[PDB]
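Below are the chains, spelled out letter by letter.
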2 protein chains.
Amino acid sequence: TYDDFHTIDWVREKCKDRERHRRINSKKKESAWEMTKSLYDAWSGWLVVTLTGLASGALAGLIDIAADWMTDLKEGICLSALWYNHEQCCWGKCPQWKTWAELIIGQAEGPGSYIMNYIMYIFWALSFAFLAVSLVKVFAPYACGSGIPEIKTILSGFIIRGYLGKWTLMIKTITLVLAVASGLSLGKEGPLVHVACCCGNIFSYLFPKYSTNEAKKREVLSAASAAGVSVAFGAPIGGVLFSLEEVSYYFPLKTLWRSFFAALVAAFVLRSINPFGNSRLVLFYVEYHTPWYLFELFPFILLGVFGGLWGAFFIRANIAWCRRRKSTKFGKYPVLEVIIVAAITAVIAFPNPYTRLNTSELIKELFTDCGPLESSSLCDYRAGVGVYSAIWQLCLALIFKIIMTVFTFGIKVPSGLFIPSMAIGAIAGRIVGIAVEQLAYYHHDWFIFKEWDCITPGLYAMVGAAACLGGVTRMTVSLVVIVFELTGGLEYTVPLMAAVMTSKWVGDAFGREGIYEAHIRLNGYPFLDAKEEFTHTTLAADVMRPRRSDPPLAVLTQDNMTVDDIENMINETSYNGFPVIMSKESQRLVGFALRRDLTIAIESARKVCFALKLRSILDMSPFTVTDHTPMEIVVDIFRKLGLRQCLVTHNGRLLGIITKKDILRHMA
Amino acid sequence: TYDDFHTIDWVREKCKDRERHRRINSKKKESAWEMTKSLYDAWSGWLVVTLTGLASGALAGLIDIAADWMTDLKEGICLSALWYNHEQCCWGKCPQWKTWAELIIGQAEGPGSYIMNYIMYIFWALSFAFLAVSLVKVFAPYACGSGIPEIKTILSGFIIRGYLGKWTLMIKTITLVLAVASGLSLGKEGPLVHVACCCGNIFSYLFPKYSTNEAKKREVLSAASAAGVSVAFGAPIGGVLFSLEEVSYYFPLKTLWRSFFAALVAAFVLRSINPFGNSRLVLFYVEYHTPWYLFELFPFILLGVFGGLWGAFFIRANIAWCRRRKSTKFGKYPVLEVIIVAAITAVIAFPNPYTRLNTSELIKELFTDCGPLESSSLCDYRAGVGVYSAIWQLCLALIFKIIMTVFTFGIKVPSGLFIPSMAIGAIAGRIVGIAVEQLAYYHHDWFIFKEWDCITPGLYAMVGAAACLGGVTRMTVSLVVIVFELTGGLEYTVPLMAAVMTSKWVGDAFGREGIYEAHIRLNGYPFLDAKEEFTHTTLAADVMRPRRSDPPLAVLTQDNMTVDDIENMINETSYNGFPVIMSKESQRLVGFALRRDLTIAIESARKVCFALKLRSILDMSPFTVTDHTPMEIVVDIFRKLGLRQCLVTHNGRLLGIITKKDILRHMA
Ligand SMILES: Nc1ncnc2c1ncn2[C@@H]1O[C@H](COP(=O)(O)OP(=O)(O)OP(=O)(O)O)[C@@H](O)[C@H]1O
Ligand SMILES: Nc1ncnc2c1ncn2[C@@H]1O[C@H](COP(=O)(O)OP(=O)(O)OP(=O)(O)O)[C@@H](O)[C@H]1O
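Calculation criteria
- Residues numbered from 1 in each chain as written, not as in the entry; some residues may be left out.
- Chains lettered and ligands numbered in written order.
- Heavy atoms only, no water.
- UniProt positions renumbered as here; feature names shortened; annotations may be inferred.
- Helix = DSSP H or I, 4+ residues; strand = E, 2+ residues; numbered from the N terminus.
- Buried < 20%, exposed > 50% of the residue type's maximum accessible area, 1.4 Å probe, protein only.
- Near = heavy atom within 4 Å.
- Polar contact = N/O pair within 3.5 Å; in protein donor to acceptor, adjacent residues only side chain to side chain.
- Areas by Shrake-Rupley, 256 points an atom, 1.4 Å probe, with all protein chains shown as cover.
- Salt bridge = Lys/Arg side-chain N within 4 Å of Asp/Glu carboxyl O.
- Contact = heavy atoms within 4.5 Å.

Judging from the entry metadata, cryo-EM is the method by which this structure was determined, and 2.98 Å is the reported resolution.

The PDB entry lists chain A under the name H(+)/Cl(-) exchange transporter 3, with Mus musculus as the source organism. Its UniProt record gives chain A the following Sequence similarities comment, quoted word for word: "Belongs to the chloride channel (TC 2.A.49) family. ClC-3/CLCN3 subfamily."

Q: Can you explain unusual backbone geometry? Please cite residues and give values.
A: Across the chain, the bulk of peptide bonds are trans and the bulk of non-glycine residues have phi less than zero. Residue and element names in this part refer to chain A. Phi is positive for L253, which is not a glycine, with a value near 65°. Within the secondary structure, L253 sits in the loop between α11 (236-247) and α12 (254-272). By relative accessible area, which is 16% here, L253 ends up buried. Of note in the backbone geometry, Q587 takes a positive phi value of approximately 55° without being a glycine. Residue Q587 is classed as buried on the basis of its relative accessible area of 11%.

Q: Outline the site of ligand 2, listing residues and values.
A: All names here are of chain B. In the vicinity of ligand 2 lie 16 residues, with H6, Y575, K661, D662 and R665 positioned nearest. In the environment of ligand 2, a nitrogen atom lies 3.1 Å from a nitrogen or oxygen atom belonging to the backbone of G577. Between an oxygen atom of ligand 2 and a side-chain N or O atom of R665, the distance comes to 2.6 Å. If ligand 2 stood free it would expose 610 Å²; the protein chains cover 85% of that surface.

Q: For the pattern of salt bridges, give the residues involved together with the corresponding values.
A: Tallied over the full model, the rule gives 46 salt bridges over all chains. Taking the shortest distance from any N to any O, the salt bridge between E517(A) and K531(A) comes out at 3.2 Å. You can see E517(A) sitting in helix α23 (residues 515-521) and its partner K531(A) sitting in the loop between α23 and α24 (540-543), a full 14 residues away along the chain. The exposure class assigned to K531(A) is partly exposed, which follows from its relative accessible area of 26%. Taken together, the shared-partner salt bridges connect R18(A), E533(B), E632(B), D636(B) and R639(B) into one network.

Q: Give me the lowdown on the UniProt feature "binding site: chloride" in chain A, citing residues and values where you can.
A: Residue and element names in this part refer to chain A. The UniProt feature table records "binding site: chloride" at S146, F418 and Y516. For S146, the location among the structural elements is in the loop between α5 (111-139) and α6 (148-155). With near-sequence residues (within four places) excluded, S146 lies in contact with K172, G190, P191, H194, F409, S415, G416 and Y516. Summarising the element assignment, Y516 is placed in helix α23.

See below:
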């Protein structure tokens with residue numbers, strides 16, 4: 001096994017899995033019942049991903065229901081059935097629903113009612129934020145943040161012991177509902193990836209092939225991330241591609257098939273479980289089957305620019321804020337900071353209706369194209385002063401969400417960035433769509449409008465959402481698939497692709513890192529990035545760190561050592577492994593002895609010749625590299641193979657050692 | 001560079017690319033114009049993929065137009081404008097169109113007219129098949145087959161010198177139009193991947209960063225395969241995922257973005273260029289926005305079974321036929337075999353209207369749901385004898401396509417398998433859909449129909465197409481994305497996922513290889529597979545082949561050798577590389593000397609000390625592995641890193657060499 005905060009050596013896990021397969025095949029021939037058991041062991045992967053999908057579907061549904069209920073609880077309660085949210089009672093004047101101004105002051109409208117509603121909205125936002133931050137701080141500090149930056153590192157081979165446990169799962173679910181209902185600039189769509197990975201890790205223990213294997217566990221977590229995205233956006237294929245591109249790290253075509261199955265199971269559960277018949281794939285779905293004209297692809301591209309100019313700004317601003325908190329008085333007061341952020345968000349969001357709306361419903365509104373019956377300020381046409389006032393409201397919502405999400409992403413409560421960035425993009429896209437429609441029917445004499453309503457601002461809102469989401473995240477295929485799986489509009493894919501590449505390029509013009517890589521670099525997690533390349537001209541001899549300043553390379557001789565000597569080496573040295581060599585002078589790589597395996601073997605024996613025997617645990621095949629090998633090659637070895645150590649050699653004479661951590665330290 | 005039919009060592013190419021980048025950066029600081037040139041060199045990749053997308057769009061459009069024209073030429077000609085196909089003149093009784101019975105016999109209907117149409121259809125099928133096979137045999141033998149099995153090997157690092165040249169491109173385009181119009185059981189959708197790769201390879205030469213680099217060329221070919229799929233199915237994301245899953249081999253997240261851009265460019269070209277306003281994304285598009293009920297997912301799964309039972313049968317039957325041809329008299333007569341196949345297909349396909357229809361229009365018909373105005377035999381409702389007769393016709397078409405595609409895939413003309421397998425699946429799905437609809441409105445009293453027309457056979461045809469396509473190809477995410485990008489129905493995704501997984505599982509029950517892998521094993525191409533694992537328990541010492549029966553390991557000493565000695569080694573030995581060592585006794589790995597580089601350097605010098613100097617070409621960093629390393633590890637090294645040789649060592653004493661070909665020979 002592995003110690004806390006320690007990396008996973010992928011090759012050793014793969015080898016162990018191979019011996020397990022060999023032993024299972026040996027037991028298989030024993031009896032027909034053993035053949036059935038071997039078949040069950042084979043199905044284990046499908047069963048674990050199936051359970052993960054069912055759990056992710058159930059938990060996403062429960063979180064949606066609870067979050068909607070407690071979000072609407074900020075404006076009032078239902079008298080008929082208290083367990084119904086605003087919409088659930090509207091269709092179930094709206095006499096049933098009663099606001100807090102109605103319950104306390106007794107009069108629905110008037111300055112008194114507005115002030116009472118303002119005060120009660122702020123109070124409930126503070127209460128939900130307080131409960132979320134307090135529960136996270138007390139019972140599970142790992143439940144804060146979206147969590148994707150850390151599952152990226154966990155799928156890279158890193159280990160965070162309690163990160164995907166039961167306590168983190170429970171507290172993240174509860175505190176995510178609370179934070180969503182608190183009115184903070186965040187969403188649960190991102191955090192459902194963490195919740196799905198929690199379910200996957202929890203269910204891995206039910207199976208032996210995945211309980212004791214960290215590589216199989218990583219594969220199950222990749223499938224679980226796919227399921228989490230699938231259930232968050234109703235985007236099975238989009239979730240598969242998100243796990244392909246964002247979170248998971250290796251894909252030997254088996255993780256792809258099992259992510260396919262896990263996303264399928266999650267999507268099927270989400271379809272079967274429709275407690276109130278909400279056909280909307282998620283609360284911010286909007287159907288689309290209208291066509292678009294080539295000229296429209298010009299403004300779409302510009303939306304990408306905004307996204308690239310927002311993402312780029314966000315990664316430059318939020319990452320600068322989170323540093324200050326981490327290195328100032330602010331970082332000493334999690335609860336107080338969440339309280340102040342929630343209070344300010346409530347105070348400055350209650351006035352403007354768009355900011356008052358919970359972000360998912362705001363994105364639903366911005367995506368939905370105007371209908372003749374609708375007369376909301378968003379689709380309020382004579383045009384006249386009303387349209388300009390609506391555009392001004394949308395601009396204010398844009399500015400407010402930008403500023404607040406900058407200050408609100410990293411706070412210590414479950415906080416997503418898919419929905420705030422998506423809403424910023426949708427506000428941008430809707431403003432642009434309204435502007436283009438005004439231009440269209442005011443200047444219809446121009447050839448572009450003369451030859452080809454003519455334009456749907458909902459499509460522009462979709463494209464702006466994709467633009468900002470790709471600018472901040474830097475996701476291309478997963479993001480587009482997620483967007484048209486979310487919205488169902490598989491007729492606007494080319495516009496989405498144009499916006500997403502434009503946003504990614506404009507974002508990369510200011511720095512190639514996304515928000516999930518910048519909250520890995522900022523947190524100093526040990527993540528070896530594939531995008532980054534060892535541009536430095538260096539040799540493996542430099543990076544390897546048995547340096548002249550360092551002590552002698554800790555090693556073990558094959559037969560000279562005694563039990564007491566190796567036990568002393570275990571206790572007095574923190575190293576997790578030792579190169580087992582022929583002799584202190586021969587320095588011939590005989591194998592690699594793991595500190596945990598050595599300790600366990602010695603303890604079991606008490607409760608030395610590597611040729612107390614210790615050949616059972618000896619790693620006869622340690623990966624080696626020439627001392628003159630260029631370092632970039634070693635970086636590629638580590639990245640493609642996912643090794644933990646590579647024992648450099650010099651003309652066959654053991655020269656030292658390199659570890660993933662050594663490369664990561666050097667690359668800083 | 002590399003010799004014909006020789007593999008690509010990915011690490012050496014990657015390193016060379018690094019030195020090219022370093023030199024470009026050095027030149028960059030020279031002047032601002034050099035900064036502009038460096039920026040152009042960076043854009044080179046986007047420009048090459050853009051050109052590839054434009055070319056693929058243009059060529060796919062031209063091939064569609066020409067193939068439709070020549071296919072309809074089998075039934076007659078248009079008098080108004082001879083350059084119009086049947087449909088182009090129907091909307092442009094249909095007096096304009098005149099069949100060959102009309103032109104020759106002068107009678108539209110009657111036994112004489114029917115016999116004359118029979119004879120002329122057969123004659124034109126023979127003529128087109130003859131021209132296709134003859135042109136391929138004479139001018140470009142590489143234009144035969146779908147070609148995907150070979151681009152799979154080319155993207156793996158193999159080299160086939162003329163395979164993606166200009167002659168292969170031209171002849172494949174022409175002979176693909178001819179084969180499509182010949183009425184053979186095939187399609188052009190698959191071969192457009194080969195055509196797109198041809199365009200990508202052709203355009204790579206316009207850029208130096210991609211002309212002289214085989215790894216960059218492979219990346220451009222991955223993007224080109226994405227573009228080819230995108231333009232073949234109108235499925236840009238589907239093409240990106242097809243290149244992810246089927247053809248291309250490595251994805252350092254840059255090939256993903258450039259495949260994204262190439263698919264975007266191809267899709268945009270296909271959208272812009274609509275010469276006759278055919279909104280159908282391809283001639284066999286069908287819109288879908290209706291819902292499906294959970295019970296319908298039961299028959300869908302069964303369709304997958306059929307697909308898995310067809311794919312499985314096909315890989316068992318066709319691969320058995322192609323072997324016989326390759327090892328019997330049949331393989332000596334390409335032209336005669338194509339003639340006989342075309343004649344039999346025409347003779348047995350003219351009677352049944354569904355087989356008479358070109359497969360793309362047949363799939364369009366099977367996908368299209370019945371409309372009240374339509375009264376075709378496919379949607380001929382009173383029900384009565386007509387429905388049973390239509391089902392019988394569909395069964396006959398199913399049997400005929402199965403049998404013929406088995407005998408018709410491998411013949412020496414451009415032959416795809418996406419469309420024949422898709423049509424078999426669509427016939428199966430339509431038969432099942434009609435059966436289920438009859439069951440639905442005859443037995444409406446059952447609770448499944450009582451609670452929830454009620455069923456669309458077009459959706460069942462979609463699902464059956466996906467079932468058979470995944471059974472034969474064994475593609476999961478790419479196939480589903482292609483299907484709902486092709487049809488636009490991003491509301492039936494879960495049924496497609498379920499049918500595709502069922503088909504893949506049932507197919508794997510009879511053998512895990514698809515059709516593009518069984519035509520690599522059958523052709524004996526040097527393809528190292530990720531799905532396959534070295535289940536054999538063996539050590540690298542066994543696989544390495546400087547065996548006791550083999551001669552001494554050809555090696556070079558660093559300084560002792562003279563120019564004449566190394567030239568003699570070059571001429572008398574066919575090896576492409578030599579381990580350069582310290583001495584014939586020291587056997588210390590100093591580096592690796594490539595035969596081509598050695599020959600070129602010696603020739604240039606005439607027109608030795610590796611410490612005529614030859615340190616410029618010496619590979620100071622040859623990948624090495626311990627002689628006791630398990631062979632599974634070495635296989636993983638080769639597969640993940642894509643090396644060509646791994647110089648095994650024994651306690652630092654050079655022990656031998658292993659090559660990709662050595663591993664492939666052993667795995668046989
Ligand atoms: N057996 C060893 N002999 C000498 N130096 C070693 C040995 N093992 C590791 N080192 C050095 O110690 C540092 C890393 O030691 P260690 O193996 O404990 O890894 P780590 O970076 O703490 O990570 P992990 O927790 O994954 O093991 C690096 O400087 C490495 O060069
Ligand atoms: N320098 C060498 N000394 C001894 N045996 C060698 C040497 N190079 C290759 N071999 C052996 O010769 C066979 C392969 O030789 P070679 O290097 O020509 O490769 P190949 O399989 O023909 O492929 P490629 O065309 O890609 O080089 C294998 O048996 C390999 O063990």
